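**Student:** experimental structure and sequence below, a few questions after.
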Amino acid sequence: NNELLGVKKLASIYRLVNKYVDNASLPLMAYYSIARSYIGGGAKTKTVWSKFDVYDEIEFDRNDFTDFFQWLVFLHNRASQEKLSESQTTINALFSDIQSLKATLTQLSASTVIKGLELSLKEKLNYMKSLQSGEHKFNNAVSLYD
Amino acid sequence: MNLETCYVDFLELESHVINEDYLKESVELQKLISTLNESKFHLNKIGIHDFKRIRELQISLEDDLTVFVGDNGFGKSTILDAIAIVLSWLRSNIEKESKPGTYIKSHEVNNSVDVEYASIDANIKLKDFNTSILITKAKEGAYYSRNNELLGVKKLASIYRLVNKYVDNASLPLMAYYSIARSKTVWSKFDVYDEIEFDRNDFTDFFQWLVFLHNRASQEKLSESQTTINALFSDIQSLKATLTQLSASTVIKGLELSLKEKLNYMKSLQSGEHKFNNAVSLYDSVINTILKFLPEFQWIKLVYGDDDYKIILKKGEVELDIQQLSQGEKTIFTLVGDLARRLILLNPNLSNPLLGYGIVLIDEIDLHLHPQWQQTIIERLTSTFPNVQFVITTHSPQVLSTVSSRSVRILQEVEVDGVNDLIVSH
Amino acid sequence: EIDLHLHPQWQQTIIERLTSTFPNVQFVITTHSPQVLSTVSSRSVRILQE
Amino acid sequence: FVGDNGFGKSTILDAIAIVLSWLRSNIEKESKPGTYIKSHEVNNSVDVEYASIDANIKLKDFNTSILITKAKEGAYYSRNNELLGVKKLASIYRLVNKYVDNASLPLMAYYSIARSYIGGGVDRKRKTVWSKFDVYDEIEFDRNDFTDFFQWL
Amino acid sequence: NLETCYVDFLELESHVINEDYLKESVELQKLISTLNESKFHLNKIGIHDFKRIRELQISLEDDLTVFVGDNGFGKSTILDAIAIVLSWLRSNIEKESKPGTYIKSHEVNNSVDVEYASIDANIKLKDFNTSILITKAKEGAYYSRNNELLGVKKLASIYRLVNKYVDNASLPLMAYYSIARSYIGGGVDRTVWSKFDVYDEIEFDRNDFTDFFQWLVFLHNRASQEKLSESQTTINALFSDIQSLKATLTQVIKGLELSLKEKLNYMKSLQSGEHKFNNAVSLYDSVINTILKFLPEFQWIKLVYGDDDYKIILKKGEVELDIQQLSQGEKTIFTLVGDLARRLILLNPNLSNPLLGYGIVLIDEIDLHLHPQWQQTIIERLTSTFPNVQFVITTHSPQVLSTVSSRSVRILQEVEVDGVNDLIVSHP
Ligand SMILES: Nc1ncnc2c1ncn2[C@@H]1O[C@H](COP(=O)(O)OP(=O)(O)OP(=O)(O)O)[C@@H](O)[C@H]1O
Ligand SMILES: Nc1ncnc2c1ncn2[C@@H]1O[C@H](COP(=O)(O)OP(=O)(O)OP(=O)(O)O)[C@@H](O)[C@H]1O
């Protein structure tokens, strides 16, 4: 017969930790056999993505390429949503402030216009940067896709 | 002015004349278009001769509503199939010349031993023009009345075709039929199919169509449109920085620069296709139409979460998923959504494409409908679309109460001389 | 969906015939229209509320 | 079951259908499996960790109870169904048919809302020894049932 | 000249009767001798605006040509073009006016200037010559010119006319081994008697080897009965089997009729009646000894009957091995060599040594799953064992290149001329 006490004890620690941690990580195991050349460029609207779908099998074979394409386009749409909305509002200010500064640079430099342009640009840039989409890298989206 | 006289004059002038640019500039084309727009496609009379359960009937329809009431086994759905049969020949002729329509199957003829042939007749009138269509099919060992007299129906197709051949983004009649279970072009552009038959309770396909359209609209909102927007935005600030914001040959140079920027923006906007048919206009027009149909909601949107995506509806102070709706609201949702999509794609010139012309046939409007919906569905339907005909069959008495007496028909088929025959009462 | 494609005349008699042709079979039915509801008694109706 | 609500009346009916599915399978042969609860129907709220359905069958004075349960993926504790009552009940049915002959077995049927399409296929839609277990194969009405009906007639 | 003989024979046959005399006429003997002396050869081929290639002219040697290049230099394009050209000839031989493969829409060059793609080829047979052209325009363009197919039809009609008079006519071999040679152990761990099974309907690529297993079973069965005797009156026994099958059928029906026909075919053993030097046992020995040359480690290969089934048993060192338990490297060689010998042994039923026919073989990436020691001797072994065949192979490993003669190698380069990179060929 087999010996299985150690691996069951180790697996229980991972399950217990995952029970009390929101975003606990897991180890990675993979295997690329000699049958990966068949998938060289040879699903009911999948919607929910979880970290337990990569534990279906230890071997990469056949359909894993198709799910990769489905996953990739989902990331692209997520980035598009992040690219729109309120990020455009600060973008609208920033270019205009730069344009205003450029205008202040022109017309033989006209304080007054220069002071107003500098103050508005500094205030808007500082306010936009302060939020930084919560915690900067926490926004992911564009950074993961790039 | 008579439509036939204008058509004759325009055709004669166009045929004799050359230099097509001048032919387009000719006032005859404008007169024909103006007369054509001032019209209302509506049927007038229908005659049935030995079709299934009925052998002789002359029915006259209204122009707003025509509800037929009765029980199972009274010819309620044969009238609708007769109108669909008549309509299909007109659609086939419109698409291509001498295109066969839909024939009559052998089993549909009456099983009486003394029957010889089955015929259907119809009369479509618009403004002052009139038309007549007659289809015949003899069973066996007899002689069907003359033949398929489709000479009149070809003139209407020619009239529409001539106008559509010269002036783009024209208007076409609407033909839709929501049947029972049974079972290049703008339509081929996005996803749509060209057919008369449509099926309800197809929420999955409409849901995926909406998702794909939203993706394409978001894709087209970026890229080149950003440049024009960016060009406008700086210019708006720059124009203010000289006159408005500045006041809480330098002047000539500034004015010339502003005028040049305005001219460049106008040239860029003019370059390229107009509003016409784009993903953004189709998406927000369909969404707005559905919001008009059900004012109990506030907004609907598609949200991409951290590990999934869905559609969110706001009602009161509660956000509900598209999958939390009952079976009752799914069918009305897809019914109005498809009706609006087909109406938008057919009238690319009207400011409000919800004022088109056509005919819609609905059978058993009470399917999976809660009685509260049944109380006001007919009121909402004729209010959102005020320039279309509706031919609807009613089964339950809940709906019938609201309808006005002017447009009610009751089937109480008597046996005249010991022979069953459908009779309509007012 | 007991009341699919039935006119009101047929809706008031379907329960009697089902409970008379097969008297020893337990039946579970979901209804939608008042015509069916009126015929049934009060000890056999369960109302679900949010 | 009157009174509309968001949760949907159909879910109750198929919940009963899951419970009933285990009895026939055990009747056909001992320890035969049935219909499991799929992991994609457990509630998505973060609070929950497992789902369960239970019911009781009374036969005169005999009383049997059955519980069917399934936990979410990655849960600390695992849950299993208890089938002692159903297996015991199915044993007497098996023995009766094994000794006596021409015995009768309980009827379980379920007519969904799709019968309109299947029943409507009357138009074209185009065995000798009718045994007892032929009907003891499915619980949901289908097109092939009517096709079998015509041949039986 | 072949044309003169064909013209004379056609004229004589058209104005004659009594086919028996026509068969015995000197025309058939002269045509057969002339055809036999002829050797298959494909001297040149030109490619125009196909895939990356924009303009190329290639001449191929008589015995062996090797193309070497990096990744993305068009090695597979050349082989695909040759397979396309050979398809029309195969189709016309098998069935009159049978269409072949076309050129797909996306094969043409992606540039905006190119409007069409074309492949030209020339086949030299002793002194007779022929030319083939296949063309395909782009999508949405005018001047949709057509391709010429008179040469292939002229060549094919000679073959069918010769094969009509004599039922033992030989045919050329055309095969193509692609990358799809891999997967499911090549063919491992996934009757055959007609000469048209390997040819005609069967394409150029490879799908499975189960027919090799059944063919070997049939070879062994005839080997024991004919060469080793142990059958007494085999013709009488098979005829009695046919009679028994008919009696059983008289007192599932289609299967019984097929079994009766099979029994009649087996009863035709005395009808054949050759018992020559090229008997079943001689073919069995030649096939096994041929295979063993490419696998020096093994000792013997045998077919074992047990549990109402047949299995292949190999000897390595002192351990017995099955077929599923081998490695991928020895599986590739076993499959390739076995199918190569199966086609020659099956399309040349009259040669004393049937591994002496004529044909052309295309191999891509011969160095798949082979250690360098095996790579240093595969080419000379294949050349030595199949002398009268033409080989076209591609490689990118320097070990394979180091053992090839200087007159058989071709080197591909990417040279940018006038701002546009164009593929070029060269010799050392
Ligand atoms: N060939 C025929 N000859 C005579 N009667 C026919 C024939 N075909 C059909 N019928 C009659 O048609 C009747 C049903 O017609 P129909 O489909 O219009 O009914 P309905 O109840 O109004 O339909 P629905 O539920 O689709 O609205 C049957 O009662 C049958 O007697
Ligand atoms: N339609 C096309 N237009 C432009 N370039 C193309 C086109 N089709 C293919 N190519 C180019 O051809 C190059 C060579 O492809 P090819 O398949 O011939 O490579 P190979 O090295 O010969 O292959 P293998 O490894 O299978 O022997 C590719 O890198 C690709 O960029």
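**Tutor:** Yes, it's here. Numbering: from 1, shown residues only, chains lettered A, B, ... in the order given. Ligands and ions are numbered 1, 2, ... in the order given.

**Student:** switch to C-alpha atoms for all contacts and neighbour counts from now on
**Tutor:** Will do.

**Student:** ramachandran coordinates for the closest residue to ligand 1 within the stretch 201-350 of chain B?
**Tutor:** Nearest residue of the stretch 201-350 of chain B to ligand 1: residue B:201, at 17.2 Å (CA to the nearest ligand atom). With angles defined as degrees, to the nearest 10, residue B:201 sits at phi 40, psi 50.

**Student:** burial of it, as a residue count?
**Tutor:** Residue B:201 is surrounded by 16 other residues when neighbours are defined as other CA atoms under 10 Å in any protein chain shown.

**Student:** which non-adjacent residue is nearest it?
**Tutor:** residue B:331 (5.6 Å; CA to CA, 6 or more residues apart in numbering or on different chains).

**Student:** the residue of the stretch 201-350 of chain B closest to ligand 1 against residue B:333, yeah?
**Tutor:** No: under the criterion of CA atoms under 8 Å, residue B:201 lies out of contact with residue B:333, with a separation of 9.6 Å.

**Student:** please name the residues that touch the residue of chain B found nearest chain A.
**Tutor:** When CA to the nearest CA is the measure, chain B has its nearest residue to chain A at residue B:308, with 4.9 Å between them. Applying CA atoms under 8 Å, 6 or more residues apart in numbering or on different chains, one finds that residue B:308 lies in contact with A:47, A:48, A:49.

**Student:** if you rank those residues by neighbours, which is first?
**Tutor:** Neighbour counts for the contacts of residue B:308 were taken using other CA under 10 Å; the highest belongs to residue A:47, with 13 neighbours.

**Student:** give me the distance between that one and chain D.
**Tutor:** The gap separating residue A:47 from chain D is 12 Å, by CA to the nearest CA, to the nearest Å.

**Student:** how close does that residue get to ligand 2?
**Tutor:** Counting by CA to the nearest ligand atom, to the nearest Å, the gap from residue A:47 to ligand 2 is 34 Å.

**Student:** what would the contacts of residue B:308 look like in a markdown table with secondary structure and distance to residue A:16?
**Tutor:** Putting these into a markdown table (DSSP: H, G, I helix; E, B strand; the rest coil; distance: CA to CA, whole Å) gives the following:
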| residue | secondary structure | distance to residue A:16 |
| --- | --- | --- |
| A:47 | coil | 28 |
| A:48 | coil | 24 |
| A:49 | coil | 22 |
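
**Student:** and chain B, which of those residues contact it?
**Tutor:** The residues of the contacts of residue B:308 that also fall near chain B, by CA under 8 Å from any CA of the partner chain, are A:47, A:48, A:49.

**Student:** need the three-state assignment for the closest residue to residue D:142 other than its chain neighbours.
**Tutor:** For residue D:142, ignoring the flanking residues on the chain, the nearest one in space by CA to CA, 6+ apart is residue D:118 at 6.2 Å. Under DSSP: H, G, I helix; E, B strand; the rest coil, residue D:118 falls in the helix class.

**Student:** how many neighbours does residue D:118 have?
**Tutor:** Under the neighbour criterion other CA under 10 Å, residue D:118 is assigned a count of 19.

**Student:** and it, how far from ligand 2?
**Tutor:** The spacing between residue D:118 and ligand 2, counted by CA to the nearest ligand atom, is 50 Å.

**Student:** check the spacing between the residue nearest to residue B:201 and residue B:337 real quick.
**Tutor:** According to CA to CA, to the nearest Å, residue B:331 stands 10 Å off from residue B:337.

**Student:** the residue nearest to residue B:201 against residue B:200, yeah?
**Tutor:** Yes: checked against CA under 8 Å, the pair residue B:331 and residue B:200 is within contact range at 6.1 Å.

**Student:** so which strand or helix has the closest residue to ligand 1 within chain A?
**Tutor:** Checking chain A residue by residue against ligand 1 with CA to the nearest ligand atom singles out residue A:44 as nearest, at 32.7 Å. Under the assignment given by DSSP states H and E, residue A:44 is not contained in any helix or strand.

**Student:** count the residues that sit near it.
**Tutor:** So residue A:44, with other CA under 10 Å, has 4 neighbours.

**Student:** next one: residue D:92
**Tutor:** Residue D:92: 12 surrounding residues under other CA under 10 Å.

**Student:** doesn't it fall inside a strand?
**Tutor:** No: in this structure, residue D:92 is helix, not part of a strand, as judged by three-state DSSP.

**Student:** quick check, distance from stretch A:30-43 to the centre of its chain.
**Tutor:** 27 Å (CA atoms, centre = their mean, to the nearest Å).

**Student:** any residue of it touching chain B?
**Tutor:** No: under the criterion of CA under 8 Å from any CA, stretch A:30-43 makes no contact with chain B; the nearest approach is 13.0 Å.

**Student:** report the separation between the two terminal residues of that stretch.
**Tutor:** 24 Å.

**Student:** that stretch near chain D anywhere?
**Tutor:** No: in terms of CA under 8 Å from any CA, no part of stretch A:30-43 sits within range of chain D; the closest distance is 15.0 Å.

**Student:** list the buried residues of that stretch.
**Tutor:** By neighbour count, and taking 16 or more other CA atoms under 10 Å in any protein chain shown as the criterion, stretch A:30-43 has no buried residues at all.

**Student:** tell me the spatial nearest neighbour of the residue of the stretch 101-250 of chain B found nearest ligand 1, not counting adjacent residues.
**Tutor:** Nearest residue of the stretch 101-250 of chain B to ligand 1 (CA to the nearest ligand atom) works out as residue B:110 at 4.1 Å. Distances taken as CA to CA, 6+ apart place residue B:52 nearest to residue B:110, at 4.9 Å, with adjacent residues excluded.

**Student:** could you point out the longest helix of chain D?
**Tutor:** helix D:10-28 (DSSP state H).

**Student:** now it, how far from the centre of its chain.
**Tutor:** Between the centre of helix D:10-28 and the centre of its host chain there is 2 Å, according to CA atoms, centre = their mean.

**Student:** residue B:85 contacts residue B:102, doesn't it?
**Tutor:** Yes: using CA under 8 Å, residue B:85 is in contact with residue B:102, at 6.2 Å.

**Student:** the more surrounded of those two?
**Tutor:** Between residue B:85 and residue B:102, counted using other CA under 10 Å, the more crowded position is residue B:85 (17 against 13).

**Student:** residues touching that one, list them.
**Tutor:** When the contact criterion is CA under 8 Å, 6+ apart, the partners of residue B:85 are B:101, B:102, B:103.

**Student:** in helices, which of those residues appear?
**Tutor:** Of the positions in the contacts of residue B:85, not one sits in helices, assigned by DSSP H.

**Student:** just those residues that are near ligand 2?
**Tutor:** Taking CA under 6 Å from any ligand atom, there is no overlap between the contacts of residue B:85 and the neighbourhood of ligand 2.

**Student:** let me have the residues you listed in CSV, extended by distance to residue B:425.
**Tutor:** Compiled in CSV, the contacts of residue B:85 are given as follows (distance: CA to CA, whole Å):
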residue, distance to residue B:425
B:101, 32
B:102, 31
B:103, 31
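
**Student:** just say helix, strand or coil for the closest residue to chain C within chain B.
**Tutor:** With CA to the nearest CA as the measure, residue B:71 is the residue of chain B nearest to chain C, at 5.9 Å. For residue B:71, the assignment made with three-state DSSP gives coil.

**Student:** check residue B:245 too.
**Tutor:** Assigned with three-state DSSP, residue B:245 falls in the coil class.

**Student:** now stretch A:60-71: buried residues?
**Tutor:** Along stretch A:60-71, these residues count as buried under the neighbour rule (16+ other CA under 10 Å): residue A:61.

**Student:** need the residues that contact it.
**Tutor:** Residues from elsewhere that reach stretch A:60-71, judged by CA under 8 Å, 6+ apart: A:30, A:31, A:32, A:33, A:35, A:36, A:38, A:39.

**Student:** residues contacting residue 16?
**Tutor:** Picked chain A for this. When contacts are counted by CA under 8 Å, 6+ apart, residue A:16 is found next to residue D:76.

**Student:** to clarify, I was referring to chain D.
**Tutor:** Taking CA under 8 Å, 6+ apart as the definition of contact, residue D:16 has no neighbours.

**Student:** from residue D:55, how far out is it?
**Tutor:** 9 Å.
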